[PDB]
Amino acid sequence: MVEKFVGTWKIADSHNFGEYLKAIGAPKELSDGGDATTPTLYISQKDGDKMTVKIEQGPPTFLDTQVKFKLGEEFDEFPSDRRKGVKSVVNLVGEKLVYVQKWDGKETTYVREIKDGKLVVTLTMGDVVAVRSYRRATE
């Protein structure tokens, strides 16, 4: 099932990402800089219940990091927005993968789904809804 997100990826199109970043208390520096980025994912997994992901973002932020999670298990995360006390948790929702961030008494969400070959992640904080679209490294 999750063998559909697995692979190599690359930014293609984004919209309303900086303002999202603001909704989640990021300084302008990081809202702009973060939107400015063209991140290159490297996604894979083991036993359809433990997904290992990577991110080579790039200029201007230079924050290359990694995810390593079990699906159904809450874990700790330290994003680039500099959030103290992020508690993630990722689920499988039909053909979609739902990544949820808890912090300071709030919840933001990432509904990722493959479509027309692209890894399309919709991002939801309050009334603010962002969208980005990735393509495989011409796989």
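The numbering used is simple: start at 1 and walk along the sequence shown.
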Of the two stretches 6 to 14 and 21 to 29, which shows the higher Cα B-factor on average in the entry? 6 to 14
Quick check on the record: does 43 to 51 or 59 to 67 carry the larger mean Cα temperature factor? 43 to 51
Split the chain's modelled residues into thirds by Cα B-factor; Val89 lands in the lowest
Pull the Cα B-factor of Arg136 out of the PDB entry and bin it into the chain's lowest, middle or highest third. middle
Consider only the C-alpha atoms of the modelled residues in this chain, order them by B-factor as the entry records it, and name the third containing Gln101: lowest, middle or highest. lowest
The third of the chain into which the C-alpha temperature factor of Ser80 falls is the lowest
Based on the deposited C-alpha B factors for this chain, I'd like to know if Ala130 is in the lowest, middle or highest third. lowest
